[PDB]
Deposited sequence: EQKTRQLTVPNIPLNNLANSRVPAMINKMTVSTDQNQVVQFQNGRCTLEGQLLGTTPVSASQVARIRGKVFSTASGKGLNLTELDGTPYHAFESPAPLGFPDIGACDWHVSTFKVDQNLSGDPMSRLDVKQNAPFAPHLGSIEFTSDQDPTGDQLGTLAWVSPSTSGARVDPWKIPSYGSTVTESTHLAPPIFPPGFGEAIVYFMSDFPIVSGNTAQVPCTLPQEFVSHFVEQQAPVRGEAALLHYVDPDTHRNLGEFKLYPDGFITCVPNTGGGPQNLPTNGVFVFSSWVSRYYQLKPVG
């Protein structure tokens, strides 16, 4: 097993199309998350709606159809092949930013302005598991539309967007529980236009996901001990544990944590360790 030999700031977010710009721990270190993207086991098994490429993250494709009030999308996979309402929560790569309006910029798969912005609410007709969502748009999209989540905003006036939530979809990756004993889940944060924190967290950089899928490495221990290394001085900046279920922890120093580390370090696999191997605080 290896992890990507790529500095953190050259890694992509796995929940929105953006680069990672810092790490952090949650304000409540017992907080449980259940992100559906950026989920993959160390052996390379994708979970939830997680796709392989950073260019599949938080994208939607579907055929426009007429609903009672306007238009909707009958979803397909991003490659245009049919979506089958089966075991996954939604088509692969479907956004997982819950409890907010989405604004998705799509094109018809040209003359004039080719873009449509689809404004999607997560209310009753939002049924991505079944394969359909509704939208309003100031443009006139028709046919086969492919696009990318552009920004998010509150579901109702006065509400706030919490990008730590996931949608109700109508094989949902399981919750990630802080494993105890002072360890805290490490979240990888990206700037992203959120109207009304304005950073989106994820639990694995996208290139970690493709790395695990590509490598199909056997898991040889209860956790993988990683070092976060300065690529210029080659000094070890901190210890992290990578768990088989596909998330990373550290022991954050009180009043601090991985948010105080440089954002240009490289994670390097060091050794397999037991589940209760104690980390040096960071």
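Chemist: Which ranges of the deposited chain go unmodelled, in order along the sequence?
Modeler: Those parts of the chain that were deposited but carry no coordinates are 1 to 6, 116 to 118, 180 to 186, 213 to 214, 301.
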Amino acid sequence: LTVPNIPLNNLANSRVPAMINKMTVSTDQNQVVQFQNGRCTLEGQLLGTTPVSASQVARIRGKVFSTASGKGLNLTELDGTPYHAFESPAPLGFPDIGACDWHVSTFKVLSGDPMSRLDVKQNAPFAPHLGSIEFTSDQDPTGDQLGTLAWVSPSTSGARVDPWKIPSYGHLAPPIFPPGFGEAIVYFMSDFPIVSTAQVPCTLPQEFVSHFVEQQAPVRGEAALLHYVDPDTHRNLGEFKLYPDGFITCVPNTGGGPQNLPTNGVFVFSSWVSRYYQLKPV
From here on, numbers count along this sequence of modelled residues.
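Between two forms, the rigid core is the largest collection of C-alphas that superpose within 1.5 Å.
Chemist: Stretch 204 to 212 versus stretch 121 to 129: after rigid core alignment, which one is farther off in C-alpha RMS in 5 other deposited structures of this protein?
Modeler: Of the two stretches, the larger average C-alpha offset in 5 other deposited structures of this protein falls on 121 to 129.
Chemist: Is it the case that at least a third of the other compared entries omit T197, given both of its neighbours are modelled there?
Modeler: Looking at the other entries that model residues on either side of it, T197 is missing from at least a third.
Chemist: When the C-alpha temperature factors are averaged for each of 110 to 118 and 137 to 145, which stretch ends up with the higher value in the entry?
Modeler: Stretch with the greater average CA B-factor: 110 to 118.
Chemist: Do the C-alpha atoms of 90 to 98 or of 206 to 214 have the higher average B factor in the entry?
Modeler: Here the higher of the two C-alpha B-factor means belongs to 206 to 214.
Chemist: Name the one of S66, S53, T49, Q31 with the greatest CA B-factor according to the PDB entry.
Modeler: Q31 has the highest C-alpha B-factor of those listed.
Chemist: In terms of CA temperature factor as recorded, identify the highest of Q45, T27, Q36, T249.
Modeler: When the deposited C-alpha B-factors of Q45, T27, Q36, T249 are compared, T27 is largest.
Chemist: Against its chain's modelled residues, does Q199's Cα B factor rank lowest, middle or highest third?
Modeler: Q199: CA B-factor falls in the highest third of its chain.
Chemist: Going by the CA temperature factor in the PDB record, which third of the chain does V273 belong to: lowest, middle or highest?
Modeler: Tercile = highest for this residue's CA B-factor.
Chemist: Going by the CA temperature factor in the PDB record, which third of the chain does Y169 belong to: lowest, middle or highest?
Modeler: It falls in the middle third of the chain.
Chemist: Ranking every modelled residue in this chain by its Cα temperature factor as given in the entry, which third contains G265?
Modeler: For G265, the deposited C-alpha B-factor lands in the middle third.
Chemist: Ranked by Cα temperature factor within the chain, is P82 in the lowest third, the middle third or the highest third?
Modeler: Its C-alpha B-factor, which the entry lists for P82, ranks in the lowest third among residues of this chain.
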